[PDB]
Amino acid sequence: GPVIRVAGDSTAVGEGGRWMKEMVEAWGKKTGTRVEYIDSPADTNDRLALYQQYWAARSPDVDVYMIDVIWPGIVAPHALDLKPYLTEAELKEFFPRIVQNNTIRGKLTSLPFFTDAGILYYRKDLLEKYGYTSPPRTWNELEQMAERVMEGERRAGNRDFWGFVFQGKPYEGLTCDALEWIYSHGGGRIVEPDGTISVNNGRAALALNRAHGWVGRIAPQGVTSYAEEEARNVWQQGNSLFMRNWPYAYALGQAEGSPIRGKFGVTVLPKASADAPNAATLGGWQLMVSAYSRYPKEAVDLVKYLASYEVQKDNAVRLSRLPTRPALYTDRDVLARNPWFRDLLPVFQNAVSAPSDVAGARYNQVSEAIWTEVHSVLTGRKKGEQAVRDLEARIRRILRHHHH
């Protein structure tokens, strides 16, 4: 019979690729359908370029793609409209904000699978050791704590120890970290939902100068090459006081054999001042049926299974990844395993989106501009002032004649 072929999460990041293969295999066994899993590069922008080769070819070789929250506007022509396959009641079981994100000119491109938000991981053992009772609420506090703890851990012989790790590589992940920096300084959303390119302002410039100030000081020099996993690996070995990352890192750090099991918490990322907005960049992945799949019915069935209550539950319990169904946030087993889901749910609901809605099919060009200009600040090539001016000009060229 048919072989349903799935381009799912990458095996190069955490456990999500192995887990998703196992879920697809379980669906295949449950339904008596042959399945195959197609692996991906780690970084989301590299994954998009891979999937675009299949789509440009109208290839029937992949039936189901796991797609980023930032992609619906780009990928819509390559997606089977799911709307006729779901009742309204089924659709209302997902957060409406994500269903809306996934809907482009009325086409339901994809089902919400798991959401994501940037958060602050912190070593609570080390905060206590050094006389701190809460994680930092301001970036100034984060810097002061990092400097003091670093000075002590280094003095005590840990030459690998750093204050903060984050995603500073030139790729999409830096756009996510930089939106948090800019927004949490009162610098705006880089491109506002109404289309105003707002990034050339002194608050955004400051945010980027501050991040430069970390590099080689409280963060490693090499942070300018770090993606999710490079950051995670320094953190997880016990060598960083703080890390900015997504929720998936929590389960991994609690696993048996993790050096930091039981030694950390999570909270909202800090901000420049009490009246700035909390910043957590909205991430997450959706499930798309290819417009080129020869087997739409079977592929839709698989996508509904993967998005189902019990599979999202398993994702939350085993991999600490965030459901797209509100009902899971009141499930006793989900909350017993991840009590921090309760405390941070509002942070997750208030997550700030990158400008994918307003940039539409041009988002990947806009994001490339953002990460390259930001990266040039982190490397010390440019100051924040110049970078936000240059970024404004690049985004104006890219979005010229684009209306949302």
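For clarity, a rigid core is taken as the largest C-alpha set superposing within 1.5 Å between two forms. Don't overthink the numbering: it's just position in the shown sequence, from 1.
Superposing the other copies on the rigid core and comparing 375 to 383 to 32 to 40, farther C-alpha placement in 5 other deposited structures of this protein marks 32 to 40. After superposition on the rigid core, the larger root-mean-square Cα deviation in 5 other deposited structures of this protein belongs to 329 to 337, not to the other of 329 to 337 and 163 to 171. Across the two stretches, 356 to 364 and 32 to 40, the PDB entry reports the greater mean Cα temperature factor for 32 to 40.
For the pair 230 to 238 and 82 to 90, the mean Cα B-factor is higher in 82 to 90. Among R294, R244, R321, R189, the highest C-alpha B-factor recorded in the PDB entry belongs to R294. In the PDB entry, the Cα temperature factor peaks, among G195, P259, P270, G163, at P259.
Ranked against the other modelled residues of its chain, the C-alpha B-factor of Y132 as given in the entry falls in the highest third. Per-chain ranking of the deposited C-alpha B factor places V69 in the lowest third. In the PDB entry, a CA B factor belonging to the highest third of its chain's modelled residues is recorded for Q144. Annotation for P112: C-alpha temperature factor in the middle third relative to the rest of the modelled chain, per the entry.
Per-chain ranking of the deposited C-alpha B factor places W340 in the middle third.
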